[PDB]
Amino acid sequence: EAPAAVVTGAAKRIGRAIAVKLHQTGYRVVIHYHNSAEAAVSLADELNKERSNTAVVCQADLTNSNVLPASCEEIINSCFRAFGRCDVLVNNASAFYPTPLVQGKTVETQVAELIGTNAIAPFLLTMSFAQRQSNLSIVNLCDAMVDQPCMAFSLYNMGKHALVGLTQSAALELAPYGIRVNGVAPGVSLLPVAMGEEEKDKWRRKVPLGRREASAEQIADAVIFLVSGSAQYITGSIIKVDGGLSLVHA
Amino acid sequence: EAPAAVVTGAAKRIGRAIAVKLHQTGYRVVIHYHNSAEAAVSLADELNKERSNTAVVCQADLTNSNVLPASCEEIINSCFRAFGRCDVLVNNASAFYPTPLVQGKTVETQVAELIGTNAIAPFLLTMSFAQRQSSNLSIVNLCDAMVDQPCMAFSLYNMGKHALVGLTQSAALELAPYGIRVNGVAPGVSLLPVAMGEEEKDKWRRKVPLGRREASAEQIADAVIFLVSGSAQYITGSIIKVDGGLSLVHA
Amino acid sequence: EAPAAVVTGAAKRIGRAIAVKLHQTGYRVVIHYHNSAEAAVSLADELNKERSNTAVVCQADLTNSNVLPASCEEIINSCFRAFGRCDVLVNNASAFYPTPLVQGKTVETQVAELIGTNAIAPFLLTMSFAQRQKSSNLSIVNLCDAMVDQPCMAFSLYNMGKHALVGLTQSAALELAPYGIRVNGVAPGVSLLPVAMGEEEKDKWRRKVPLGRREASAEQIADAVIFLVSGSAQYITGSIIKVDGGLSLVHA
Amino acid sequence: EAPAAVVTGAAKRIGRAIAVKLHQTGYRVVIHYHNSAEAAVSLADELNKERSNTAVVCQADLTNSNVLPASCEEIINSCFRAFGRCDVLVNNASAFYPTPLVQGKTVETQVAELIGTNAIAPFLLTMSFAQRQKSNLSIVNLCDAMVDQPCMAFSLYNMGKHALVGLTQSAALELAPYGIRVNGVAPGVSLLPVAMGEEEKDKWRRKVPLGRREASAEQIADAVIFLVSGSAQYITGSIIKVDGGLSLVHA
Ligand SMILES: NC(=O)c1ccc[n+]([C@@H]2O[C@H](COP(=O)([O-])OP(=O)(O)OC[C@H]3O[C@@H](n4cnc5c(N)ncnc54)[C@H](OP(=O)(O)O)[C@@H]3O)[C@@H](O)[C@H]2O)c1
Ligand SMILES: NC(=O)c1ccc[n+]([C@@H]2O[C@H](COP(=O)([O-])OP(=O)(O)OC[C@H]3O[C@@H](n4cnc5c(N)ncnc54)[C@H](OP(=O)(O)O)[C@@H]3O)[C@@H](O)[C@H]2O)c1
Ligand SMILES: NC(=O)c1ccc[n+]([C@@H]2O[C@H](COP(=O)([O-])OP(=O)(O)OC[C@H]3O[C@@H](n4cnc5c(N)ncnc54)[C@H](OP(=O)(O)O)[C@@H]3O)[C@@H](O)[C@H]2O)c1
Ligand SMILES: NC(=O)c1ccc[n+]([C@@H]2O[C@H](COP(=O)([O-])OP(=O)(O)OC[C@H]3O[C@@H](n4cnc5c(N)ncnc54)[C@H](OP(=O)(O)O)[C@@H]3O)[C@@H](O)[C@H]2O)c1
Ligand SMILES: Nc1nc2ccc(SCc3ccc(Cl)c(Cl)c3)cc2s1
Ligand SMILES: Nc1nc2ccc(SCc3ccc(Cl)c(Cl)c3)cc2s1
Ligand SMILES: Nc1nc2ccc(SCc3ccc(Cl)c(Cl)c3)cc2s1
Ligand SMILES: Nc1nc2ccc(SCc3ccc(Cl)c(Cl)c3)cc2s1
């Protein structure tokens, strides 16, 4: 029957665009969310109106804790319960905010949220995906600017660097099971809702190819390629989708 | 009406698969060749039987010399003459052989072939392509996923492939204002050299994590087709490995 | 006055050689340890015999937990209480063991130990070091891994922690450059091998190394640390020096 | 006896600072130069006054040509003829100027100068150095910290510095069995070009996180001195950035 995919943080923005394009391609989808319950249920409604019984939501907090392994097992189990299989995992959910080294959240909360969502949750989701196991693959949303990082984002950048490590280590370890593991690395795509217009335009003007941010759909297009049969020899690769931003010197 | 692509070294192996798959996607194609005239014409005959007047051949030596710039200008010119436009350049042609540092062809001939075909010809072709320019214009360079874990005694070849990464990044930056994207595809082990013995071929296949086999030429071509497509319109300066995980494997 | 350095995991092997060479260079040293108290104290006593009042020990578990930030603050504070200054931090301590993705510690313990020692503790130590600073040559050296992009099979959590440490090295280099604090790494390939590893297995690794078919001594790793903290490296920040005999260049 | 080193492009700037610091460490030096004869001889005179018979000059044009191999052979031979040994090779000489892809030297001259000096001459010197061996032998290549974030319109220069990364890695691998280590030093901004106005210099200076200033020549030479030293005896195939953080700064 139709393959099934889990997309984390799929209620809004890039994860929503990935869930939509997978669904358009033929997948049944689990729409994971944390706080955005109305947007999650609304997307599932839209996808199920298009093909009945092809979308479910699954709520979970991907902050690191001693129950995060159970939450990640539950996300994968939700896909098997709804659809009887789980072919694709997209690790899209992410906390993103500054953590300056020199001075409402305590530092161990910042560690738990930024390292948990960007790295530890992907690892545990990978573990659960592999253990429960056509064209199986995992796509991790990485960051094209990981080696040219934003000032005062050390914990975020540590998380994204750890996600590169996971993409490589899991590609190596899961290749014998036919599971491919790859990444998509945006530069500037949909800018943070909290950011003012002048700051957004500052970022847009840095991008060589068009002086504009990527659409969510342009990031989703690279995800679709990597899960497709046109990528069946590709594993351990991270595709930058940044309009050349990472090539630009200071 | 139909876009047009140039593929260098297109008579055989990976460049032939790239030309076939572009043609199948609806491109008109220039099949460039150096020594493989019969094979080049055989492919053009096959593509033209499918759709008339959609494939031409172009002979050129891509060794570095005083005449390489004129030759590269002629390859690009052939596409404009045949088809009225040139939307895609695939730099696929490549010399590959060892050049030991501690001791046939003189060393400066080895330089001209390994650095000329793998790096200088792509640079000159890129200059000609850009100078002659809605549209979806892009260049794809055939790179090598093992550029940082090179084969023993292949220094000039490795130098040429590293220079091609530099051209990919430099040209992506400089041509972005013209809407020209520049990207790479980096195979690991794909079609093994004809000269290689069967036992040595098997030793390499056994190293690959994903299925213990080499990439087909069509699996390499699939990544080229993605990068020239509308699904890659924000991608420039990216090199996609297509290596089955081989570059992740420690010694 | 003599400058002062904190070296984590300094009782044995590479951290011990780093602490010895820094002391030989004229630093006073805090020898941090977790379980190896006898070896830590034996080194501090040897160092104090060479020059009185130039070495102290500091015990702490660097596993991630709610108390890790306090522990890491106390390690930096110990250097200021002993010596009145803290010029150099070497993030050397590390947990290292396989964590297979597929079928007696729980996975959250594995996460706490591998990501805590290799990445979170270095970040918290870096925060505490910088906060206490806000003639001088201040720097941090992180012990990285030359094989981070060609990792050992079934070491995903170890490899994630060492990739996070590359990120820390780069992010902290950029953010601390205004304060004159340089942040660099040294990335061994194969150095001192596990103690009870059979010679026949040690030889399998040694034979992979192009330069000399042998592992690095601890002292060879320490030499790169000494260069990075020296006045000969005063424009170097954000750099990771491989000390791996060419091992990372070797294809499968 | 004292060891001996060749430094290419050593009459001025960074290559002079490297030759001076090697000479202060106890090396005998060959000061290679191309056009800077007055400056080369003046430096050798200063070093000879300090310790007699410890410095010679050697003239050569490192542009690629069919005689570049003989010129490279002769630079290494100059060191054996003056001092009876050659322990260290520093590949410092470099051409640097823009080569825009979209438009008085011909393009083939630009290729010969920018790829010859930055990549092929280091390769041929590496071959000559290795073949003349019968101690702590090493080669240091002057690379560029900004090779992955290149200056607009410098594609040939960037190609040559990428190829020099490939040579560094390939030669470290291949020469390790002979005990020759091969490493790189990668400046960001150091001594700015003499042609550059102060306003333009300050634009570059302000980009550098560590001190908002360029590296001194002596700071670059310090990293060379470390890599040839006994404190780097297990280091091969490493490129050390000396860039004050510049390569970490986003656009
Ligand atoms: N946008 C860009 O320019 C850009 C650039 C580089 C990289 N990326 C990467 O691309 C991916 C998608 O980008 P984006 O801008 O779409 O992401 P985003 O809107 O910042 O975050 C995506 C979703 O992550 C979920 N999330 C955050 N904290 C969580 C937690 N503790 N538990 C569970 N889920 C949590 C949130 O779900 P709820 O709303 O349900 O709470 C959120 O809507 C991310 O991995 C990002 O780092 C994006
Ligand atoms: N096969 C692999 O496993 C592999 C692995 C890594 C990277 N790659 C890269 O992928 C690309 C395609 O690989 P491949 O195995 O298909 O290549 P290949 O068969 O070695 O060479 C492709 C064509 O290059 C042309 N060529 C060689 N020297 C030339 C010259 N002096 N002037 C003009 N053309 C010349 C030849 O055309 P004529 O036959 O017409 O003379 C040859 O058929 C190459 O860039 C290669 O470096 C391949
Ligand atoms: N040896 C190599 O070949 C090699 C290769 C690549 C990278 N490296 C890196 O180089 C550095 C030094 O290597 P090494 O072989 O000397 O290290 P090691 O012997 O594996 O570990 C060093 C010390 O880390 C401390 N440590 C472990 N878990 C800890 C925890 N939970 N809390 C606090 N401290 C803890 C231990 O201190 P106690 O003994 O006091 O408990 C141990 O003595 C490490 O970062 C390592 O990853 C080494
Ligand atoms: N300066 C920086 O900020 C910086 C930044 C990044 C990388 N680097 C690298 O660091 C190294 C030293 O930099 P620099 O500024 O000192 O170099 P430079 O002054 O630009 O060039 C050094 C010497 O190269 C020689 N050279 C040029 N063309 C030559 C040819 N055709 N044949 C033989 N020699 C030739 C010249 O010797 P004569 O004067 O004798 O003709 C020149 O004095 C270079 O490799 C450079 O690319 C420097
Ligand atoms: N989870 C998310 N990760 C990232 C990563 C990068 C970006 S766009 C670049 C950018 C850079 C700096 C700031 Cl302060 C901001 Cl708000 C945004 C946006 C997001 S959203
Ligand atoms: N132009 C070409 N470049 C390359 C690069 C790699 C390969 S397969 C890997 C490989 C590795 C080692 C040897 Cl000795 C040989 Cl012949 C081939 C085949 C080709 S054909
Ligand atoms: N804390 C530590 N980190 C590292 C990283 C690498 C190495 S040597 C390589 C190596 C690789 C695999 C195995 Cl199983 C073993 Cl035991 C040793 C040894 C250590 S000790
Ligand atoms: N052989 C040489 N290579 C380089 C590389 C960089 C630099 S400094 C930065 C810089 C950057 C851009 C321009 Cl246009 C100029 Cl003129 C100078 C100076 C030199 S000198």
# chains A, B, ... in the order shown; residues from 1 in each chain; ligands from 1
>>> residues_around(residues="range 158-168 of chain B", least_positions_apart="4", cutoff="9 Å", atoms="only C-alpha atoms", output="count of residues only")
47
>>> interface_residues(of="chain B", to="chain A", cutoff="8 Å", atoms="only C-alpha atoms", output="PyMOL selection string")
chain B and resi 169+172-173+176-177+179+181+209-211+215+219+222-223+226+231-245+248-249
>>> write_last_selection(atoms="N, CA, C and O atoms", output="compact mmCIF listing (two decimals), in the first residue's frame")
# COMPACT_ATOMS: atom_id res chain seq x y z
N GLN B 169 32.65 26.34 -6.21
CA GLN B 169 32.28 27.35 -5.21
C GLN B 169 32.47 28.76 -5.79
O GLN B 169 31.60 29.60 -5.60
N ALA B 172 29.89 29.42 -8.49
CA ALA B 172 28.56 29.59 -7.90
C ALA B 172 28.41 31.02 -7.36
O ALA B 172 27.37 31.66 -7.57
N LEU B 173 29.41 31.50 -6.62
CA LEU B 173 29.32 32.90 -6.07
C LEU B 173 29.23 33.94 -7.19
O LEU B 173 28.42 34.88 -7.13
N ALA B 176 25.95 33.69 -9.56
CA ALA B 176 24.64 33.78 -8.91
C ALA B 176 23.85 35.02 -9.38
O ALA B 176 22.66 34.89 -9.62
N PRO B 177 24.52 36.18 -9.59
CA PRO B 177 23.80 37.38 -10.07
C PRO B 177 23.16 37.18 -11.45
O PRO B 177 22.16 37.80 -11.73
N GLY B 179 21.77 34.43 -12.40
CA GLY B 179 20.82 33.32 -12.26
C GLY B 179 21.42 31.99 -12.71
O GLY B 179 20.68 31.06 -12.98
N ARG B 181 23.20 28.72 -11.67
CA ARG B 181 23.61 27.89 -10.50
C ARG B 181 24.79 26.97 -10.89
O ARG B 181 24.91 26.59 -12.04
N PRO B 209 29.46 0.61 2.25
CA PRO B 209 28.43 0.22 3.26
C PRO B 209 27.06 -0.11 2.64
O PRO B 209 26.41 -1.09 3.07
N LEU B 210 26.61 0.67 1.68
CA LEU B 210 25.27 0.51 1.16
C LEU B 210 25.27 -0.50 -0.01
O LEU B 210 25.26 -0.14 -1.18
N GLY B 211 25.24 -1.79 0.33
CA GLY B 211 25.01 -2.88 -0.68
C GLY B 211 26.28 -3.47 -1.23
O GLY B 211 26.21 -4.30 -2.11
N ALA B 215 28.11 2.27 -7.66
CA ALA B 215 26.93 2.99 -8.20
C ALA B 215 26.79 2.60 -9.67
O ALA B 215 27.81 2.57 -10.37
N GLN B 219 22.53 5.97 -11.50
CA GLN B 219 22.40 6.51 -10.12
C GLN B 219 23.18 7.83 -10.03
O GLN B 219 22.71 8.85 -9.47
N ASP B 222 21.04 10.41 -12.01
CA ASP B 222 19.86 10.84 -11.24
C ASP B 222 20.17 12.11 -10.40
O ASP B 222 19.35 13.03 -10.31
N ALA B 223 21.35 12.15 -9.78
CA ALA B 223 21.71 13.36 -8.98
C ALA B 223 21.94 14.59 -9.88
O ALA B 223 21.62 15.75 -9.50
N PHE B 226 18.48 15.87 -10.81
CA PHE B 226 17.91 16.66 -9.71
C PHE B 226 18.50 18.09 -9.72
O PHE B 226 17.77 19.09 -9.63
N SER B 231 13.34 21.56 -9.08
CA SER B 231 13.38 21.16 -7.62
C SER B 231 14.69 21.58 -6.94
O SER B 231 14.84 21.34 -5.72
N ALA B 232 15.63 22.17 -7.70
CA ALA B 232 16.93 22.58 -7.09
C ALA B 232 17.18 24.07 -7.33
O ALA B 232 18.33 24.58 -7.34
N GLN B 233 16.10 24.84 -7.56
CA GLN B 233 16.30 26.24 -8.01
C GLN B 233 16.95 27.16 -6.96
O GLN B 233 17.37 28.26 -7.34
N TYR B 234 17.00 26.76 -5.69
CA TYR B 234 17.70 27.58 -4.69
C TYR B 234 19.08 26.96 -4.36
O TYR B 234 19.75 27.46 -3.44
N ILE B 235 19.46 25.87 -5.02
CA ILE B 235 20.73 25.15 -4.69
C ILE B 235 21.85 25.65 -5.61
O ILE B 235 21.77 25.49 -6.84
N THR B 236 22.90 26.23 -5.00
CA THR B 236 24.09 26.57 -5.77
C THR B 236 25.29 26.45 -4.83
O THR B 236 25.17 26.73 -3.63
N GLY B 237 26.42 26.01 -5.38
CA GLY B 237 27.62 25.81 -4.55
C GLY B 237 27.59 24.50 -3.76
O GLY B 237 28.44 24.32 -2.87
N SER B 238 26.65 23.59 -4.04
CA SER B 238 26.51 22.33 -3.31
C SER B 238 27.12 21.20 -4.12
O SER B 238 26.93 21.13 -5.35
N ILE B 239 27.76 20.30 -3.39
CA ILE B 239 28.30 19.10 -4.01
C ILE B 239 27.59 17.91 -3.34
O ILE B 239 27.74 17.72 -2.13
N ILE B 240 26.80 17.17 -4.11
CA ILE B 240 26.08 16.01 -3.58
C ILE B 240 26.93 14.74 -3.75
O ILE B 240 27.25 14.33 -4.89
N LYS B 241 27.34 14.15 -2.63
CA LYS B 241 27.98 12.82 -2.70
C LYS B 241 26.96 11.78 -3.16
O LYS B 241 25.81 11.75 -2.69
N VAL B 242 27.44 10.87 -3.98
CA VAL B 242 26.63 9.70 -4.39
C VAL B 242 27.58 8.50 -4.32
O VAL B 242 28.11 8.04 -5.33
N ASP B 243 27.84 8.07 -3.08
CA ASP B 243 28.93 7.15 -2.80
C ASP B 243 28.54 5.98 -1.90
O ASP B 243 29.44 5.19 -1.54
N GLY B 244 27.26 5.83 -1.57
CA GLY B 244 26.88 4.55 -0.83
C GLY B 244 27.50 4.54 0.55
O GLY B 244 27.60 3.45 1.17
N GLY B 245 27.96 5.73 1.05
CA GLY B 245 28.63 5.81 2.36
C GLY B 245 30.13 5.56 2.35
O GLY B 245 30.77 5.54 3.42
N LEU B 248 32.60 7.62 4.37
CA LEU B 248 32.49 7.62 5.84
C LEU B 248 33.30 6.48 6.48
O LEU B 248 33.39 6.40 7.74
N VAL B 249 33.90 5.60 5.67
CA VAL B 249 34.47 4.37 6.18
C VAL B 249 35.94 4.64 6.58
O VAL B 249 36.78 4.98 5.71
>>> interface_residues(of="chain D", to="chain C", cutoff="9 Å", atoms="only C-alpha atoms", output="PyMOL selection string")
chain D and resi 169-170+172-181+209-211+214-216+219-220+222-223+226+231-249
>>> residues_around(residues="residue 107 in chain B", least_positions_apart="5", cutoff="9 Å", atoms="only C-alpha atoms", output="list in words")
residues 99 and 112 of chain B; 66, 69 and 124 of chain D
>>> write_last_selection(atoms="N, CA, C and O atoms", output="CSV table (one decimal), in the first residue's frame")
chain,number,residue,atom,x,y,z
B,99,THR,N,50.3,9.2,-10.8
B,99,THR,CA,51.4,10.1,-11.1
B,99,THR,C,52.3,10.1,-9.8
B,99,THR,O,52.2,11.0,-9.0
B,112,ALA,N,49.1,18.6,-18.1
B,112,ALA,CA,48.2,19.1,-19.1
B,112,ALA,C,46.9,18.2,-19.2
B,112,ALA,O,45.8,18.8,-19.3
D,66,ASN,N,56.9,24.0,-20.1
D,66,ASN,CA,57.6,22.7,-20.2
D,66,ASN,C,59.0,22.7,-19.5
D,66,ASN,O,59.5,21.6,-19.3
D,69,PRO,N,59.6,21.9,-14.7
D,69,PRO,CA,60.2,20.8,-13.9
D,69,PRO,C,61.7,21.0,-13.7
D,69,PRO,O,62.3,20.8,-12.6
D,124,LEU,N,56.0,20.1,-8.3
D,124,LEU,CA,57.3,19.6,-8.8
D,124,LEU,C,58.4,19.7,-7.8
D,124,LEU,O,59.3,18.9,-7.7
>>> interface_residues(of="chain A", to="chain C", cutoff="9 Å", atoms="only C-alpha atoms", output="short mmCIF file (atom, residue, chain, number, x, y, z; two decimals) with C-alpha atoms, in the first residue's frame")
data_model
loop_
_atom_site.label_atom_id
_atom_site.label_comp_id
_atom_site.auth_asym_id
_atom_site.auth_seq_id
_atom_site.Cartn_x
_atom_site.Cartn_y
_atom_site.Cartn_z
CA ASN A 64 15.92 16.14 26.70
CA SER A 65 14.87 14.29 29.91
CA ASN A 66 14.78 10.77 31.30
CA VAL A 67 11.36 10.28 29.52
CA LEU A 68 12.51 11.55 26.10
CA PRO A 69 13.31 7.96 24.95
CA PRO A 100 25.46 33.88 25.40
CA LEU A 101 28.63 32.58 27.13
CA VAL A 102 29.12 35.84 29.15
CA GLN A 103 26.15 37.22 31.21
CA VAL A 107 21.25 26.86 31.71
CA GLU A 108 20.31 23.15 32.17
CA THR A 109 16.88 23.90 30.59
CA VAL A 111 20.93 22.55 27.25
CA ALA A 119 20.38 16.17 18.44
CA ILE A 120 19.22 13.81 21.20
CA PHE A 123 19.18 10.03 17.83
CA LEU A 124 16.42 8.37 19.90
CA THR A 126 16.62 7.04 14.75
CA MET A 127 17.09 4.21 17.33
CA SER A 128 13.30 3.61 17.56
CA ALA A 130 15.66 1.25 13.13
CA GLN A 131 14.61 -1.13 15.90
CA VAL A 146 27.18 25.43 11.06
CA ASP A 147 30.79 26.47 10.43
CA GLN A 148 30.01 30.18 10.26
CA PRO A 149 27.73 30.47 13.20
CA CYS A 150 25.58 33.28 14.59
CA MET A 151 27.15 35.17 17.51
CA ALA A 152 25.94 33.86 20.95
CA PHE A 153 24.26 30.67 19.55
CA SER A 154 26.83 28.14 20.92
CA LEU A 155 24.27 25.60 22.24
CA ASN A 157 25.35 25.29 16.92
CA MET A 158 26.63 22.43 19.13
CA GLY A 159 23.26 20.68 18.57
CA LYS A 160 23.41 21.08 14.78
CA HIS A 161 27.05 19.90 14.69
CA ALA A 162 25.98 16.83 16.71
CA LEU A 163 23.22 16.23 14.11
CA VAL A 164 25.90 16.09 11.33
CA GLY A 165 27.71 13.49 13.47
CA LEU A 166 24.50 11.48 13.86
CA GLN A 168 27.22 10.19 9.33
CA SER A 169 27.35 7.60 12.14
CA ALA A 170 23.79 6.36 11.51
CA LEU A 172 27.37 3.94 8.37
CA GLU A 173 25.62 1.74 10.98
CA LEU A 174 22.20 1.36 9.28
#
>>> residues_near_ligand(ligand="ligand 6", cutoff="8 Å", atoms="only C-alpha atoms and all ligand atoms", output="NGL selection string")
:B and (93-98 or 144 or 151 or 187-193 or 195-196 or 200 or 204)
>>> select_by_dssp(residues="range 114-223 of chain D", states="helix (DSSP H, G or I)", output="PyMOL selection string")
chain D and resi 114-131+155-178+198-205+217-223
>>> residues_near_ligand(ligand="ligand 5", cutoff="6 Å", atoms="only C-alpha atoms and all ligand atoms", output="JSON, numbers by chain")
{"A": [94, 95, 96, 150, 188, 191, 192, 195]}
>>> residues_near_ligand(ligand="ligand 7", cutoff="7 Å", atoms="only C-alpha atoms and all ligand atoms", output="compact mmCIF listing (two decimals) with N, CA and C atoms, in the first residue's frame")
# COMPACT_ATOMS: atom_id res chain seq x y z
N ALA C 93 38.89 15.60 29.46
CA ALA C 93 38.13 14.44 29.98
C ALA C 93 37.12 13.96 28.94
N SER C 94 36.98 12.64 28.90
CA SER C 94 36.10 12.11 27.87
C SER C 94 35.64 10.69 28.24
N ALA C 95 34.34 10.42 28.09
CA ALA C 95 33.80 9.02 28.10
C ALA C 95 33.80 8.52 26.66
N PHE C 96 34.06 7.22 26.51
CA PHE C 96 34.25 6.66 25.19
C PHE C 96 33.85 5.18 25.25
N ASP C 145 38.71 14.91 17.84
CA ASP C 145 38.99 13.56 17.37
C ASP C 145 39.17 13.70 15.85
N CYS C 152 34.02 5.32 14.12
CA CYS C 152 33.90 3.87 14.39
C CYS C 152 32.43 3.45 14.42
N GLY C 189 44.44 11.13 16.30
CA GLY C 189 43.84 9.99 15.58
C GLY C 189 43.86 8.77 16.48
N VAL C 190 44.92 7.99 16.41
CA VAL C 190 45.09 6.98 17.45
C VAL C 190 46.31 7.39 18.27
N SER C 191 46.05 7.53 19.58
CA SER C 191 47.10 7.83 20.52
C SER C 191 47.16 6.66 21.50
N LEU C 192 47.32 6.92 22.78
CA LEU C 192 47.38 5.81 23.74
C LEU C 192 46.14 4.91 23.62
N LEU C 193 46.39 3.62 23.35
CA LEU C 193 45.27 2.70 23.14
C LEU C 193 44.74 2.23 24.50
N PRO C 194 43.46 1.79 24.56
CA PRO C 194 42.86 1.17 25.79
C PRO C 194 43.81 0.17 26.46
>>> residues_near_ligand(ligand="ligand 8", cutoff="6 Å", atoms="only C-alpha atoms and all ligand atoms", output="list in words")
residues 94, 95, 96, 151, 189, 192 and 193 of chain D
>>> residues_around(residues="residue 137 in chain D", least_positions_apart="5", cutoff="10 Å", atoms="only C-alpha atoms", output="PyMOL selection string")
chain D and resi 3-5+86-89+129-130+178-182+228-229+233
>>> residues_near_ligand(ligand="ligand 4", cutoff="7 Å", atoms="only C-alpha atoms and all ligand atoms", output="NGL selection string")
:D and (8-15 or 33-37 or 60-63 or 92-96 or 113 or 117-118 or 142-145 or 186-193)
>>> residues_around(residues="residue 81 in chain C", least_positions_apart="6", cutoff="12 Å", atoms="only C-alpha atoms", output="ChimeraX atom specification")
/C:4,30,56,58,74-75,132
>>> write_last_selection(atoms="N, CA, C and O atoms", output="compact mmCIF listing (two decimals), in the first residue's frame")
# COMPACT_ATOMS: atom_id res chain seq x y z
N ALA C 4 48.18 30.10 35.29
CA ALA C 4 47.57 28.89 35.85
C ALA C 4 46.65 28.23 34.81
O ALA C 4 46.02 28.94 34.02
N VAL C 30 45.62 22.97 37.98
CA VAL C 30 44.56 22.23 38.65
C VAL C 30 44.40 20.89 37.92
O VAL C 30 44.06 20.89 36.69
N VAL C 56 47.25 21.57 42.41
CA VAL C 56 46.19 21.07 43.32
C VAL C 56 45.33 20.07 42.52
O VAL C 56 45.39 20.05 41.26
N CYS C 58 41.24 18.54 41.89
CA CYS C 58 39.85 18.94 42.05
C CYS C 58 39.00 17.77 41.54
O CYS C 58 39.02 17.47 40.35
N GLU C 74 32.61 25.33 40.00
CA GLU C 74 33.52 25.01 41.11
C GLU C 74 34.91 24.60 40.60
O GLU C 74 35.94 24.93 41.24
N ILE C 75 35.00 23.92 39.45
CA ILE C 75 36.34 23.62 38.89
C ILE C 75 37.08 24.91 38.54
O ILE C 75 38.26 25.05 38.89
N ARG C 132 34.54 34.57 34.54
CA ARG C 132 35.56 34.97 35.54
C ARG C 132 36.59 35.94 34.93
O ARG C 132 37.34 36.55 35.68
>>> atom_distance(atom1="CA of residue 98 in chain C", atom2="CA of residue 184 in chain A")
26.7 Å
>>> select_by_dssp(residues="range 69-243 of chain A", states="strand (DSSP E)", output="list in words")
residues 88, 89, 90, 91, 136, 137, 138, 139, 140, 141, 179, 180, 181, 182, 183, 184, 185, 186, 238, 239, 240 and 241 of chain A
>>> residues_near_ligand(ligand="ligand 1", cutoff="6 Å", atoms="only C-alpha atoms and all ligand atoms", output="NGL selection string")
:A and (9 or 11-15 or 33-36 or 60-63 or 92-95 or 113 or 117 or 141-143 or 186-191)
>>> atom_distance(atom1="CA of residue 132 in chain B", atom2="CA of residue 82 in chain B")
14.4 Å
